[PDB]
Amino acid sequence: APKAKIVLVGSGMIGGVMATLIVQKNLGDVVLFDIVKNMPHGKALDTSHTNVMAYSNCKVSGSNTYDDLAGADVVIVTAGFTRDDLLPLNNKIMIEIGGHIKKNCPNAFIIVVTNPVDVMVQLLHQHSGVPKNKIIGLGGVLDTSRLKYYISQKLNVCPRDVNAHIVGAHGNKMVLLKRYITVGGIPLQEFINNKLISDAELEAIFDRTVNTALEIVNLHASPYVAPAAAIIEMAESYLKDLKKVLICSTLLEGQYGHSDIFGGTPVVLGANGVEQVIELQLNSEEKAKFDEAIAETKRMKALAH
């Protein structure tokens, strides 16, 4: 069928949730690839059955064979471990995967999740050989969903009606742009002026946003459901040609004064992949912060070769 083939190179936690969500939305056939034997076949089996409950018809199969990447339309990479000691190592994993992407599905759209994602996405870009508009890393969508949500719960408005922008990198050096936050299209400042939300609050929310994954870990859980949903938001925008403005890690070719590196910025995802890279007209203050994010990305890139 013209049905899209979506291969998940990594069938761990994020892997189960995406499979679940893809059937829920009838986005395409799913391959849960992993190097752990059998488990993917297991998850795939359990997942396959939801087709019934969902009025869906998406094949879900497992795989311990790289060559199942053949004909993949979308590929989503979560494979890897989890310090700077793991870098040369997740780098070896990206290198192996890109080899197989180039061999089996060079025209696939690629989304990288493996952390640190702005480093790792570039690594795979170079080894897979795909065009720059055909590969992005997860980051911005997830990070902003936290900023958007926290604010929405203070202002008692629909979460999606908060817009925000986080750029530069995923991780600790991510840049929260207080200047680009709106509520129902309206500048956030207006709501600060009305004493509906204070600057002190909003600063507590910013640190909360930056520290979320960590907050989740210390509560004896692990962040994987949000990551999943955001990845799928991006994937769906590719498959359905929605042209959503979504913040992802992508190849900078002069934006923000930066080149020959991947960094977080709003892009437009549609049928051609990255159809636009939107550059925010940052002031020097917010550009200084962007610079620190790109510098930490370069630093971990060197630690892996």
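The numbering used is simple: start at 1 and walk along the sequence shown. Think of the rigid core as the biggest set of C-alphas that the two forms share within 1.5 Å after superposition.
Student: Following superposition on the rigid core, is the mean squared CA displacement, expressed as RMS, greater for 213 to 221 or for 119 to 127 in 7 other deposited structures of this protein?
Tutor: More C-alpha displacement in 7 other deposited structures of this protein shows up in 213 to 221.
Student: Would you mind working out which of 228 to 236 and 89 to 97 sits farther from this form in 7 other deposited structures of this protein by RMS C-alpha distance, with the rigid core as the fit?
Tutor: With the rigid core superposed, the C-alphas that lie farther in 7 other deposited structures of this protein are those of 89 to 97.
Student: Might you work out how many residues are unmodelled in the deposited sequence between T82 and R83, and answer none, 1 to 3, 4 to 9, or 10 or more?
Tutor: Unresolved stretch here: 10 or more residues.
Student: Using the B-factors recorded in the PDB entry, average over the C-alpha atoms of 276 to 284 and of 242 to 250, then report which stretch comes out higher.
Tutor: Going by the record's values, the stretch with the higher mean is 276 to 284.
Student: Higher mean Cα B-factor in the deposited model: 140 to 148 or 215 to 223?
Tutor: Here the higher of the two C-alpha B-factor means belongs to 215 to 223.
Student: For the listed residues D46, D29, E236, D67, which one has the largest C-alpha B-factor as given in the deposited model?
Tutor: Checking the PDB record, the top C-alpha B-factor among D46, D29, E236, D67 is at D67.
Student: Sort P88, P116, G184, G168 by C-alpha B-factor from the entry and give me just the highest.
Tutor: When the deposited C-alpha B-factors of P88, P116, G184, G168 are compared, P88 is largest.
Student: Check where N38 lands among this chain's C-alpha B-factors and tell me if it's the lowest, middle or highest third.
Tutor: Highest third of the chain for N38's C-alpha B-factor.
Student: State the tercile, meaning the lowest, middle or highest third, of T209 with respect to the CA B-factors recorded for its chain.
Tutor: Lowest third, going by the recorded CA B-factors of the chain.
Student: Which third of the chain holds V267 when residues are ordered by C-alpha B factor: lowest, middle or highest?
Tutor: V267: CA B-factor falls in the lowest third of its chain.
Student: Going by the recorded CA B-factors, say which third of the chain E96 sits in, lowest, middle or highest.
Tutor: For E96, whose C-alpha B-factor we compare with every modelled residue in the chain, the answer is the highest third.
Student: Taking the entry's C-alpha B-factors for this chain, is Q153 in the lowest, middle or highest third?
Tutor: As the PDB entry reports it, the C-alpha B-factor of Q153 lands in the middle third of its chain.
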